Structures are given as structure tokens and as C-alpha cells.
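S.K.: To be precise about what I am sending: the file is called data_19.cif and holds mmCIF, C-alpha atoms and all ligand atoms.
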```cif
data_structure
loop_
_atom_site.label_atom_id
_atom_site.label_comp_id
_atom_site.auth_asym_id
_atom_site.auth_seq_id
_atom_site.Cartn_x
_atom_site.Cartn_y
_atom_site.Cartn_z
CA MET A 1 -20.30 -39.70 -6.89
CA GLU A 2 -20.58 -43.29 -8.10
CA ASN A 3 -19.12 -42.30 -11.47
CA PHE A 4 -15.62 -42.37 -10.01
CA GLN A 5 -13.38 -45.07 -8.64
CA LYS A 6 -11.14 -43.46 -6.02
CA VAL A 7 -7.49 -44.19 -6.72
CA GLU A 8 -6.08 -42.54 -3.60
CA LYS A 9 -6.25 -39.43 -1.44
CA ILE A 10 -4.34 -36.51 -2.94
CA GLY A 11 -4.73 -34.00 -0.13
CA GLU A 12 -6.78 -31.63 1.97
CA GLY A 13 -7.67 -28.30 0.46
CA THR A 14 -8.94 -25.13 2.04
CA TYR A 15 -12.56 -26.21 1.52
CA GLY A 16 -12.62 -29.96 1.12
CA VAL A 17 -10.77 -33.22 0.66
CA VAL A 18 -9.26 -34.10 -2.71
CA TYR A 19 -8.99 -37.51 -4.34
CA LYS A 20 -7.31 -38.79 -7.47
CA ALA A 21 -10.12 -40.61 -9.28
CA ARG A 22 -10.86 -42.33 -12.57
CA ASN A 23 -13.99 -41.53 -14.58
CA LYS A 24 -15.58 -44.98 -14.91
CA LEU A 25 -17.08 -43.93 -18.25
CA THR A 26 -14.44 -41.86 -20.04
CA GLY A 27 -11.43 -43.45 -18.36
CA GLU A 28 -10.34 -39.90 -17.55
CA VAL A 29 -8.03 -39.56 -14.51
CA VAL A 30 -8.94 -36.44 -12.50
CA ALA A 31 -8.53 -34.66 -9.14
CA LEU A 32 -11.88 -34.71 -7.39
CA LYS A 33 -12.54 -32.15 -4.68
CA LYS A 34 -15.47 -32.82 -2.38
CA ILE A 35 -16.77 -29.89 -0.33
CA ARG A 36 -19.22 -30.56 2.55
CA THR A 41 -24.83 -27.15 5.35
CA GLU A 42 -28.01 -25.08 4.99
CA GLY A 43 -27.63 -21.58 3.58
CA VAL A 44 -24.94 -21.60 0.86
CA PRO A 45 -25.44 -18.60 -1.48
CA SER A 46 -26.54 -19.91 -4.88
CA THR A 47 -24.33 -17.10 -6.15
CA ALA A 48 -21.41 -19.35 -5.23
CA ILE A 49 -22.64 -22.10 -7.59
CA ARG A 50 -23.20 -19.66 -10.42
CA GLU A 51 -19.85 -17.98 -9.80
CA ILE A 52 -17.90 -21.24 -9.66
CA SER A 53 -19.70 -22.70 -12.69
CA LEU A 54 -18.58 -19.68 -14.73
CA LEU A 55 -15.00 -20.78 -14.11
CA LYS A 56 -15.57 -23.76 -16.42
CA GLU A 57 -15.07 -21.29 -19.27
CA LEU A 58 -11.82 -19.80 -17.87
CA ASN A 59 -9.50 -22.05 -19.87
CA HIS A 60 -5.79 -21.43 -20.30
CA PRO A 61 -2.69 -23.69 -20.55
CA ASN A 62 -1.39 -22.28 -17.24
CA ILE A 63 -4.72 -22.64 -15.38
CA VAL A 64 -5.71 -26.07 -13.98
CA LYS A 65 -8.80 -27.08 -15.93
CA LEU A 66 -12.10 -27.18 -14.06
CA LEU A 67 -13.91 -30.04 -15.86
CA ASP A 68 -17.18 -29.86 -13.96
CA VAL A 69 -19.09 -28.60 -10.98
CA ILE A 70 -21.70 -30.79 -9.26
CA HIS A 71 -23.93 -29.65 -6.41
CA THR A 72 -25.73 -32.68 -5.02
CA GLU A 73 -26.67 -34.39 -1.76
CA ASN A 74 -25.35 -31.56 0.46
CA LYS A 75 -21.98 -31.59 -1.26
CA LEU A 76 -20.19 -29.64 -3.96
CA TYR A 77 -17.85 -31.59 -6.18
CA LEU A 78 -15.26 -29.85 -8.33
CA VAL A 79 -13.66 -32.08 -10.95
CA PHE A 80 -10.18 -30.82 -11.83
CA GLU A 81 -7.51 -31.76 -14.33
CA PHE A 82 -4.94 -34.06 -12.62
CA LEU A 83 -1.30 -32.99 -12.39
CA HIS A 84 1.85 -34.72 -11.08
CA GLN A 85 2.54 -32.75 -7.90
CA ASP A 86 2.51 -29.27 -6.38
CA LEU A 87 5.31 -26.72 -6.22
CA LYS A 88 5.59 -27.01 -2.45
CA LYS A 89 6.64 -30.66 -2.75
CA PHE A 90 8.98 -29.85 -5.62
CA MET A 91 10.62 -27.02 -3.65
CA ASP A 92 11.09 -29.24 -0.60
CA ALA A 93 12.46 -31.99 -2.83
CA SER A 94 14.80 -29.41 -4.41
CA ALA A 95 15.85 -27.90 -1.06
CA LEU A 96 19.42 -29.25 -1.14
CA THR A 97 20.40 -28.10 -4.61
CA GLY A 98 17.75 -25.46 -5.26
CA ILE A 99 15.55 -25.24 -8.38
CA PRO A 100 17.81 -24.09 -11.27
CA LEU A 101 17.31 -20.45 -12.28
CA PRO A 102 16.21 -21.27 -15.86
CA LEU A 103 13.34 -23.39 -14.46
CA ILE A 104 12.46 -20.80 -11.83
CA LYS A 105 12.33 -18.24 -14.65
CA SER A 106 10.22 -20.53 -16.83
CA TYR A 107 7.81 -21.20 -13.97
CA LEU A 108 7.42 -17.51 -13.13
CA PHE A 109 6.92 -16.65 -16.82
CA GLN A 110 4.12 -19.24 -17.10
CA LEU A 111 2.48 -18.22 -13.84
CA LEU A 112 2.39 -14.61 -15.01
CA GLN A 113 0.74 -15.73 -18.27
CA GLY A 114 -1.87 -17.57 -16.20
CA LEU A 115 -2.46 -14.47 -14.11
CA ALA A 116 -2.60 -12.13 -17.11
CA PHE A 117 -5.27 -14.35 -18.65
CA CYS A 118 -7.49 -14.55 -15.56
CA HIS A 119 -7.02 -10.88 -14.68
CA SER A 120 -7.93 -9.93 -18.28
CA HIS A 121 -11.17 -11.71 -17.49
CA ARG A 122 -11.59 -9.91 -14.17
CA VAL A 123 -11.03 -13.07 -12.13
CA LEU A 124 -8.50 -13.00 -9.31
CA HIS A 125 -7.24 -15.87 -7.21
CA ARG A 126 -6.63 -14.08 -3.89
CA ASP A 127 -4.95 -17.00 -2.14
CA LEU A 128 -1.95 -18.09 -4.23
CA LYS A 129 0.57 -20.34 -2.48
CA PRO A 130 3.05 -23.06 -3.53
CA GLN A 131 0.41 -25.64 -2.54
CA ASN A 132 -1.95 -24.58 -5.31
CA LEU A 133 0.61 -24.30 -8.14
CA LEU A 134 0.84 -27.68 -9.93
CA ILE A 135 3.58 -28.99 -12.20
CA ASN A 136 3.91 -31.85 -14.70
CA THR A 137 6.99 -33.70 -16.00
CA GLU A 138 7.10 -31.64 -19.19
CA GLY A 139 8.02 -28.29 -17.66
CA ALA A 140 4.55 -26.76 -17.37
CA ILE A 141 3.15 -25.21 -14.19
CA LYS A 142 -0.50 -24.26 -13.65
CA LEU A 143 -2.49 -22.29 -11.08
CA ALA A 144 -5.26 -24.17 -9.23
CA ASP A 145 -8.28 -23.06 -7.17
CA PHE A 146 -8.56 -19.84 -9.15
CA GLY A 147 -11.75 -17.98 -8.25
CA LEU A 148 -12.83 -20.06 -5.26
CA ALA A 149 -11.89 -17.27 -2.85
CA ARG A 150 -14.48 -14.93 -4.37
CA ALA A 151 -17.19 -17.55 -4.09
CA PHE A 152 -16.39 -18.81 -0.57
CA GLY A 153 -14.09 -16.27 1.02
CA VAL A 154 -10.75 -17.18 2.59
CA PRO A 155 -11.30 -18.64 6.09
CA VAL A 156 -8.96 -18.41 9.05
CA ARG A 157 -8.77 -22.23 9.20
CA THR A 158 -9.44 -24.90 6.57
CA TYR A 159 -12.19 -27.52 6.83
CA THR A 160 -9.76 -29.67 8.88
CA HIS A 161 -8.97 -26.72 11.15
CA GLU A 162 -5.51 -26.33 9.60
CA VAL A 163 -4.29 -22.71 9.71
CA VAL A 164 -4.63 -21.03 6.30
CA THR A 165 -1.20 -19.57 5.55
CA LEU A 166 -0.64 -15.80 5.67
CA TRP A 167 2.81 -15.86 4.11
CA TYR A 168 1.70 -14.73 0.67
CA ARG A 169 -0.94 -12.25 1.75
CA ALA A 170 -0.68 -8.75 0.29
CA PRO A 171 -0.34 -5.81 2.74
CA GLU A 172 -3.56 -4.09 1.67
CA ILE A 173 -5.51 -7.19 2.72
CA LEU A 174 -3.71 -7.25 6.11
CA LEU A 175 -4.48 -3.53 6.52
CA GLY A 176 -8.19 -4.12 6.06
CA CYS A 177 -8.91 -3.04 2.47
CA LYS A 178 -12.50 -3.85 1.43
CA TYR A 179 -11.79 -4.15 -2.30
CA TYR A 180 -9.07 -6.50 -3.59
CA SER A 181 -7.42 -5.65 -6.89
CA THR A 182 -5.54 -8.00 -9.22
CA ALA A 183 -2.42 -6.62 -7.53
CA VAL A 184 -2.99 -9.02 -4.63
CA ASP A 185 -2.06 -11.95 -6.86
CA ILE A 186 1.11 -10.25 -8.14
CA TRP A 187 2.23 -9.76 -4.52
CA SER A 188 1.65 -13.43 -3.70
CA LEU A 189 3.53 -14.53 -6.82
CA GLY A 190 6.42 -12.21 -5.94
CA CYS A 191 6.68 -13.88 -2.53
CA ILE A 192 6.66 -17.30 -4.22
CA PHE A 193 9.35 -16.15 -6.69
CA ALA A 194 11.60 -15.08 -3.75
CA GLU A 195 11.03 -18.42 -2.02
CA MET A 196 12.06 -20.47 -5.07
CA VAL A 197 15.23 -18.40 -5.38
CA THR A 198 16.29 -18.42 -1.72
CA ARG A 199 14.70 -21.72 -0.61
CA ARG A 200 13.15 -20.02 2.37
CA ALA A 201 9.76 -18.32 2.74
CA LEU A 202 10.14 -14.55 2.37
CA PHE A 203 7.63 -13.46 5.04
CA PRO A 204 6.80 -16.52 7.21
CA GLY A 205 4.32 -14.79 9.53
CA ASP A 206 2.47 -16.72 12.22
CA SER A 207 -0.25 -14.15 12.88
CA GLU A 208 -1.60 -11.13 11.02
CA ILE A 209 0.54 -8.63 12.92
CA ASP A 210 3.66 -10.86 12.66
CA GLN A 211 3.02 -11.11 8.92
CA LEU A 212 2.55 -7.38 8.55
CA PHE A 213 5.59 -6.54 10.68
CA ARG A 214 7.80 -9.03 8.80
CA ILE A 215 6.82 -7.23 5.60
CA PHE A 216 7.61 -3.87 7.21
CA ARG A 217 11.01 -5.05 8.52
CA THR A 218 12.19 -5.87 5.00
CA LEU A 219 10.48 -3.32 2.80
CA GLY A 220 10.25 -0.54 5.33
CA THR A 221 7.20 0.61 7.26
CA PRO A 222 4.95 2.20 4.58
CA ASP A 223 3.99 5.88 4.75
CA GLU A 224 2.05 8.40 2.65
CA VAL A 225 5.11 8.94 0.46
CA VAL A 226 5.28 5.44 -0.98
CA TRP A 227 1.65 4.54 -0.48
CA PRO A 228 -0.98 7.35 -0.71
CA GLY A 229 -3.91 6.60 1.55
CA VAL A 230 -2.13 3.98 3.65
CA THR A 231 -2.54 5.88 6.95
CA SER A 232 -6.30 5.89 6.35
CA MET A 233 -6.72 2.14 5.96
CA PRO A 234 -9.02 0.33 8.43
CA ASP A 235 -6.32 -1.55 10.35
CA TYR A 236 -3.46 0.90 10.00
CA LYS A 237 -2.22 2.14 13.42
CA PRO A 238 -0.03 5.22 13.85
CA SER A 239 1.74 3.14 16.52
CA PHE A 240 3.29 0.68 14.03
CA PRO A 241 7.06 0.64 14.59
CA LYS A 242 9.01 2.51 11.86
CA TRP A 243 11.50 0.14 10.21
CA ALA A 244 14.00 1.10 7.49
CA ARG A 245 13.85 -0.52 4.05
CA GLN A 246 16.46 -3.19 3.26
CA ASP A 247 18.33 -3.58 -0.04
CA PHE A 248 17.04 -6.41 -2.26
CA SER A 249 20.64 -7.45 -2.68
CA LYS A 250 20.25 -8.77 0.86
CA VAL A 251 16.67 -10.01 0.33
CA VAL A 252 17.10 -12.46 -2.52
CA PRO A 253 20.77 -13.24 -3.02
CA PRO A 254 22.08 -14.31 -5.39
CA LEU A 255 19.38 -13.27 -7.90
CA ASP A 256 20.67 -10.96 -10.67
CA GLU A 257 19.67 -7.31 -11.17
CA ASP A 258 16.93 -8.08 -13.74
CA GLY A 259 15.30 -10.48 -11.29
CA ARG A 260 15.70 -8.13 -8.32
CA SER A 261 14.19 -5.29 -10.38
CA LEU A 262 11.20 -7.43 -11.32
CA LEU A 263 10.72 -8.72 -7.77
CA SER A 264 10.87 -5.17 -6.42
CA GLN A 265 8.08 -4.05 -8.77
CA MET A 266 6.02 -7.07 -7.80
CA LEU A 267 6.37 -6.08 -4.12
CA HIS A 268 5.54 -2.37 -4.36
CA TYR A 269 3.30 -1.39 -1.42
CA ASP A 270 0.95 0.74 -3.51
CA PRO A 271 -1.37 -1.75 -5.30
CA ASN A 272 -2.08 0.91 -7.88
CA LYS A 273 1.67 0.99 -8.64
CA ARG A 274 2.49 -2.72 -8.28
CA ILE A 275 3.44 -4.17 -11.68
CA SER A 276 0.66 -5.92 -13.65
CA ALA A 277 1.02 -9.52 -14.86
CA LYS A 278 0.93 -8.18 -18.42
CA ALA A 279 3.71 -5.65 -17.82
CA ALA A 280 5.76 -8.22 -15.91
CA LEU A 281 5.80 -10.51 -18.98
CA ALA A 282 7.64 -7.78 -20.90
CA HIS A 283 10.28 -7.32 -18.18
CA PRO A 284 13.93 -7.75 -19.34
CA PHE A 285 14.28 -10.64 -16.85
CA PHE A 286 12.39 -12.80 -19.40
CA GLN A 287 14.61 -11.91 -22.40
CA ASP A 288 16.34 -15.31 -22.18
CA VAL A 289 13.46 -17.39 -20.87
CA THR A 290 13.33 -21.08 -21.90
CA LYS A 291 11.24 -24.11 -21.00
CA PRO A 292 13.50 -26.64 -19.20
CA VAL A 293 12.12 -29.96 -17.98
CA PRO A 294 12.29 -30.56 -14.19
CA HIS A 295 13.86 -33.66 -12.63
CA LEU A 296 10.87 -35.59 -11.24
CA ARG A 297 11.70 -38.91 -9.59
CA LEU A 298 9.06 -41.36 -8.33
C1 LIG B 1 -5.07 -26.45 -5.27
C2 LIG B 1 -4.58 -27.45 -4.29
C3 LIG B 1 -5.46 -28.79 -4.53
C4 LIG B 1 -6.94 -28.44 -4.18
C5 LIG B 1 -5.01 -29.92 -3.52
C6 LIG B 1 -5.29 -29.31 -6.10
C7 LIG B 1 -6.62 -29.30 -7.03
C8 LIG B 1 -6.41 -29.85 -8.52
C9 LIG B 1 -5.30 -30.93 -8.67
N1 LIG B 1 -4.91 -31.60 -9.80
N2 LIG B 1 -3.86 -32.49 -9.45
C10 LIG B 1 -3.59 -32.37 -8.14
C11 LIG B 1 -2.56 -33.11 -7.38
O1 LIG B 1 -2.40 -32.89 -6.17
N3 LIG B 1 -1.80 -34.03 -8.00
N4 LIG B 1 -0.79 -34.78 -7.30
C12 LIG B 1 -4.52 -31.35 -7.61
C13 LIG B 1 -4.69 -30.80 -6.18
#
```
Let's see the structure in the file written out as C-alpha cells.

M.R.:
Amino acid sequence: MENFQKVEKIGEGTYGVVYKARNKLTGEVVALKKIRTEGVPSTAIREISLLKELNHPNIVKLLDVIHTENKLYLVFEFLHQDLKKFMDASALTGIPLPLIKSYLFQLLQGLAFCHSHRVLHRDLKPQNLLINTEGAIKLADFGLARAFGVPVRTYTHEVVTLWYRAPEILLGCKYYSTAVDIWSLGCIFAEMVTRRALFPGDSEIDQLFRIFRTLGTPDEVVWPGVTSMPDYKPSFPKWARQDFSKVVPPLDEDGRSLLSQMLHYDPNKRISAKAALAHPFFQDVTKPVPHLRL
């Protein structure tokens, strides 16, 4: 890519390095992801290229896809910073509730849009939610999981986080439904509110058992078919479910009700992004501007 002057390194993604770069012809400032090879299913190129038409205000725009010289470049819209950095920067005072509400509301709109188009993310995390100084938040890397899969480690060998992974994935389900993204967003919602990860697992079983310790070990009553999942073991310890009042204090009842529906074990019962947007929690939603120093 000689059509871009690198401005600086932005970060390291799951698949490749990312640079802030300026289009030397349009003057456009973008986030350029470079992914580094023999096989490579052409289906991946086709699949990713289709994402160029998945445009929404709450979805980071994919400007172009370029497969050349044993590399795959994804040119993305450039945004100020990610939610992880904002949360860490807001750790002492916490992100105000009105902004947390606004962010969740926008993220759900982004999800409703993509899910209405049968595109799921599958690996949502604070690191891929980007914000600007005007109060907007957008989801990034949407659809890359389907094309490439989610590896155990990134291209730099960094451990891919399990914290936001839905239970059906941990239990070995073959087919992922849009519910997996609602679960991840619910975990992110809890983290913004409490300023601590909800389920900070450090292995698949630690992740699964942390989920069980809070929400209760699932059974056929709350989740039909769970005992027949590939990685379910009758030997899982049986933990009692905790009250959300203890889980995400001091969130109000509307928020706890919404979070609880976002964390239902049964994917078929977990609230949809579309239904979540109509939840009473959003009755007084606004669009505050975040405090972004530099
Ligand atoms: C999804 C997580 C990665 C791959 C790093 C984003 C892709 C698109 C993108 N656009 N802006 C940024 C940024 O970091 N700005 N400070 C990123 C980074």
C-alpha cells in the first residue's frame, strides 16, 4: 500500500496490525488493518467484501478490501479511541449512567441492523467498540469472525479474551445465533456500570464456571437441551443463582431487568436487539457528549 502515508500505529487486532493512515489522494484519514499464507478460502474475500454494503451510523465503515501481495488490507473509518481506553480512563469516577445508557442504546441499534441482515459479530469486546467526541459509539470488526473464525491467540500470540463469550459457544454449540452478540453486549453493559469485568475467565472452564457461579448452573428447566450439548458434563458443580441486585449495583430495576434478559441462558429466549430497544430502560435515553481529553 503506497497510497497511504502511515501516521502512527493504532494497535494490534485479532488478525493483523492496524495503522492510522492518510489517503495520499483523497486526504482521507483512515484506520488501515493489514492481515498477513497459501490456502486462504476465497470465500473469505467474498464474505468480507460483502460487508462494504453493511452501512449504519453505529457500525464502523469498511471503506475497502484489498487482497494483494500475500496480504489483506481492510480500510476502516477512523475513530477517536476504543471503549476499553475510555472505561479505564473513567475508572475513578465511572462513566455517567446517561452516557452508559446512550452507548448501550446505540450499540443495540448497530446490532439490530446487522442481525436484520443476518450478519453477526461473534467476538464483541470493549476493544472493538469505538467512540468519537460527539457521543457516538460504533461496532468494529463486524463479520470478520465468520470469514476467519475466532482463534485461541491473535497474530501476535496474545490470548483472545473469553470474558464476553456466550455459554452456548463454551458448551460446544455448532451453530451460533444472533443471541451470542446480545450476551457479549450484556457483559459489556455490566462492566461499564460496575467498572469491573463481569466474568473475567482465564480459561474456558474458568469462564464457564464464573458464569455458573453468578447465574446458577443451567439445567433442563431454564435451558432445554443444555444437558445434550457437546461439552456439557453432568459433573459440573451445581451453583445457586445470585440476585442481580448483587451483580450490578447500583443499577436501577429497569437496567437490571434488561441486563437479566440479555443474559438468559437459553439463546432462543435471550432478548433480541430489536426487543431490547423497546425496553423501558430506554424511556429517558439521551445523547450526552463524553469528556475526552488529549
Ligand atoms: C476493532 C479493533 C481495531 C481493529 C483495532 C479497530 C479497527 C477500526 C478503527 N478505526 N479507528 C480506530 C482506532 O483505534 N482509533 N484510535 C480503529 C481500530

S.K.: Each residue of chain A with at least one atom at most 8 Å from ligand LIG 1 (chain B) should appear once, together with its nearest atom pair and the corresponding distance in Å (one decimal); atoms considered: only C-alpha atoms and all ligand atoms; ordering: chain, then increasing residue number; output as CSV.

M.R.:
```
residue,atom,partner,partner_atom,distance
A:10,CA,B:LIG1,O1,5.2
A:11,CA,B:LIG1,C5,5.3
A:12,CA,B:LIG1,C5,6.0
A:13,CA,B:LIG1,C4,4.7
A:14,CA,B:LIG1,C4,7.3
A:16,CA,B:LIG1,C4,7.9
A:17,CA,B:LIG1,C4,7.8
A:18,CA,B:LIG1,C5,6.0
A:20,CA,B:LIG1,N3,7.3
A:30,CA,B:LIG1,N1,6.9
A:31,CA,B:LIG1,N1,4.8
A:32,CA,B:LIG1,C8,7.4
A:33,CA,B:LIG1,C4,6.7
A:64,CA,B:LIG1,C8,6.7
A:79,CA,B:LIG1,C8,8.0
A:80,CA,B:LIG1,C8,5.1
A:81,CA,B:LIG1,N1,5.2
A:82,CA,B:LIG1,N2,3.7
A:83,CA,B:LIG1,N2,3.9
A:84,CA,B:LIG1,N4,4.6
A:85,CA,B:LIG1,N4,3.9
A:86,CA,B:LIG1,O1,6.1
A:131,CA,B:LIG1,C2,5.6
A:132,CA,B:LIG1,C1,3.6
A:133,CA,B:LIG1,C1,6.7
A:134,CA,B:LIG1,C10,6.7
A:143,CA,B:LIG1,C1,7.6
A:144,CA,B:LIG1,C1,4.6
A:145,CA,B:LIG1,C1,5.0
```

S.K.: Residues as selected, C-alpha atoms, written as a PDB file, in the frame of the given file, can you do that?

M.R.:
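Printed below is again.pdb as written:
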```pdb
ATOM      1  CA  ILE A  10      -4.340 -36.510  -2.940  1.00  0.00           C
ATOM      2  CA  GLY A  11      -4.730 -34.000  -0.130  1.00  0.00           C
ATOM      3  CA  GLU A  12      -6.780 -31.630   1.970  1.00  0.00           C
ATOM      4  CA  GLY A  13      -7.670 -28.300   0.460  1.00  0.00           C
ATOM      5  CA  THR A  14      -8.940 -25.130   2.040  1.00  0.00           C
ATOM      6  CA  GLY A  16     -12.620 -29.960   1.120  1.00  0.00           C
ATOM      7  CA  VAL A  17     -10.770 -33.220   0.660  1.00  0.00           C
ATOM      8  CA  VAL A  18      -9.260 -34.100  -2.710  1.00  0.00           C
ATOM      9  CA  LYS A  20      -7.310 -38.790  -7.470  1.00  0.00           C
ATOM     10  CA  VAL A  30      -8.940 -36.440 -12.500  1.00  0.00           C
ATOM     11  CA  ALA A  31      -8.530 -34.660  -9.140  1.00  0.00           C
ATOM     12  CA  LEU A  32     -11.880 -34.710  -7.390  1.00  0.00           C
ATOM     13  CA  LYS A  33     -12.540 -32.150  -4.680  1.00  0.00           C
ATOM     14  CA  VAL A  64      -5.710 -26.070 -13.980  1.00  0.00           C
ATOM     15  CA  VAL A  79     -13.660 -32.080 -10.950  1.00  0.00           C
ATOM     16  CA  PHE A  80     -10.180 -30.820 -11.830  1.00  0.00           C
ATOM     17  CA  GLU A  81      -7.510 -31.760 -14.330  1.00  0.00           C
ATOM     18  CA  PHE A  82      -4.940 -34.060 -12.620  1.00  0.00           C
ATOM     19  CA  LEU A  83      -1.300 -32.990 -12.390  1.00  0.00           C
ATOM     20  CA  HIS A  84       1.850 -34.720 -11.080  1.00  0.00           C
ATOM     21  CA  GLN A  85       2.540 -32.750  -7.900  1.00  0.00           C
ATOM     22  CA  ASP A  86       2.510 -29.270  -6.380  1.00  0.00           C
ATOM     23  CA  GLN A 131       0.410 -25.640  -2.540  1.00  0.00           C
ATOM     24  CA  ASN A 132      -1.950 -24.580  -5.310  1.00  0.00           C
ATOM     25  CA  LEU A 133       0.610 -24.300  -8.140  1.00  0.00           C
ATOM     26  CA  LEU A 134       0.840 -27.680  -9.930  1.00  0.00           C
ATOM     27  CA  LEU A 143      -2.490 -22.290 -11.080  1.00  0.00           C
ATOM     28  CA  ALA A 144      -5.260 -24.170  -9.230  1.00  0.00           C
ATOM     29  CA  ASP A 145      -8.280 -23.060  -7.170  1.00  0.00           C
TER      30      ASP A 145
END
```

S.K.: Using all atoms listed in the file, which of the listed residues (A:106, A:120, A:53, A:165) sits closest to residue 78 (chain A)?

M.R.: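 The shortest atom-to-atom distance to residue 78 (chain A) comes from A:53.
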
S.K.: Work out how far CA of residue 189 (chain A) is from CA of residue 235 (chain A), in Å to one decimal.

M.R.: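 The value is 23.7 Å.
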
S.K.: Which residue out of A:71, A:169, A:126, A:34 has the minimum interatomic distance to residue 21 (chain A) when all atoms listed in the file are used?

M.R.: A:34

S.K.: Which residues of region 215-285 of chain A come within 10 Å of region 195-203 of chain A, and what is each one's closest atom pair and distance in Å (one decimal), counting all atoms listed in the file, sorted by chain and residue number, as a tab-separated table?

M.R.:
```
residue	atom	partner	partner_atom	distance
A:215	CA	A:203	CA	6.3
A:216	CA	A:203	CA	9.8
A:217	CA	A:203	CA	9.7
A:218	CA	A:203	CA	8.9
A:251	CA	A:202	CA	8.2
A:252	CA	A:198	CA	6.1
A:253	CA	A:198	CA	7.0
A:254	CA	A:197	CA	8.0
A:255	CA	A:197	CA	7.1
A:259	CA	A:197	CA	9.9
```

S.K.: Taking all atoms of region 233-237 of chain A that the file lists and extending 6 Å past them on each side, where is the centre of the axis-aligned box and how long are its edges? Answer in Å to one decimal, as lines of an AutoDock Vina configuration file.

M.R.:
```
center_x = -5.6
center_y = 0.3
center_z = 9.7
size_x = 18.8
size_y = 15.7
size_z = 19.5
```

S.K.: Provide region 263-280 of chain A rebuilt to N, CA, C and O atoms, formatted as a compact mmCIF listing (two decimals), keeping the file's coordinate frame.

M.R.:
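Result went into out07.txt, see below:
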```
# COMPACT_ATOMS: atom_id res chain seq x y z
N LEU A 263 11.29 -8.41 -9.09
CA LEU A 263 10.72 -8.72 -7.77
C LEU A 263 10.33 -7.43 -7.05
O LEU A 263 9.25 -7.34 -6.45
N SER A 264 11.19 -6.42 -7.11
CA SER A 264 10.87 -5.17 -6.42
C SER A 264 9.57 -4.53 -6.92
O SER A 264 8.80 -3.97 -6.13
N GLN A 265 9.31 -4.63 -8.22
CA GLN A 265 8.08 -4.05 -8.77
C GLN A 265 6.87 -4.90 -8.40
O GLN A 265 5.75 -4.39 -8.30
N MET A 266 7.10 -6.19 -8.20
CA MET A 266 6.02 -7.07 -7.80
C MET A 266 5.68 -6.87 -6.33
O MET A 266 4.60 -7.23 -5.90
N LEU A 267 6.61 -6.30 -5.56
CA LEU A 267 6.37 -6.08 -4.12
C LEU A 267 6.18 -4.62 -3.72
O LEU A 267 6.39 -4.26 -2.56
N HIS A 268 5.79 -3.77 -4.67
CA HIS A 268 5.54 -2.37 -4.36
C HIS A 268 4.35 -2.35 -3.39
O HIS A 268 3.41 -3.12 -3.54
N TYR A 269 4.40 -1.49 -2.37
CA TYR A 269 3.30 -1.39 -1.42
C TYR A 269 2.02 -0.92 -2.09
O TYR A 269 0.95 -1.49 -1.91
N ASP A 270 2.12 0.17 -2.85
CA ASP A 270 0.95 0.74 -3.51
C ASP A 270 0.42 -0.20 -4.59
O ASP A 270 1.05 -0.36 -5.63
N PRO A 271 -0.75 -0.81 -4.35
CA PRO A 271 -1.37 -1.75 -5.30
C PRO A 271 -1.58 -1.12 -6.66
O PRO A 271 -1.46 -1.78 -7.70
N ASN A 272 -1.87 0.18 -6.65
CA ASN A 272 -2.08 0.91 -7.88
C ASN A 272 -0.78 1.05 -8.66
O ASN A 272 -0.80 1.29 -9.87
N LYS A 273 0.36 0.88 -7.99
CA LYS A 273 1.67 0.99 -8.64
C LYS A 273 2.35 -0.35 -8.87
O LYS A 273 3.28 -0.45 -9.65
N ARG A 274 1.91 -1.38 -8.15
CA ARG A 274 2.49 -2.72 -8.28
C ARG A 274 2.38 -3.17 -9.74
O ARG A 274 1.35 -2.98 -10.38
N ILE A 275 3.44 -3.76 -10.27
CA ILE A 275 3.44 -4.17 -11.68
C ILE A 275 2.31 -5.15 -12.05
O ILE A 275 1.95 -6.03 -11.26
N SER A 276 1.72 -4.98 -13.22
CA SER A 276 0.66 -5.92 -13.65
C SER A 276 1.29 -7.19 -14.22
O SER A 276 2.48 -7.21 -14.57
N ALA A 277 0.50 -8.27 -14.30
CA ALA A 277 1.02 -9.52 -14.86
C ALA A 277 1.45 -9.25 -16.30
O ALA A 277 2.51 -9.70 -16.74
N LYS A 278 0.62 -8.49 -17.02
CA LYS A 278 0.93 -8.18 -18.42
C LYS A 278 2.25 -7.42 -18.58
O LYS A 278 3.07 -7.76 -19.43
N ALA A 279 2.46 -6.40 -17.75
CA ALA A 279 3.71 -5.65 -17.82
C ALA A 279 4.90 -6.51 -17.38
O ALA A 279 6.02 -6.40 -17.91
N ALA A 280 4.68 -7.37 -16.39
CA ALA A 280 5.76 -8.22 -15.91
C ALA A 280 6.28 -9.13 -17.03
O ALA A 280 7.48 -9.38 -17.11
```
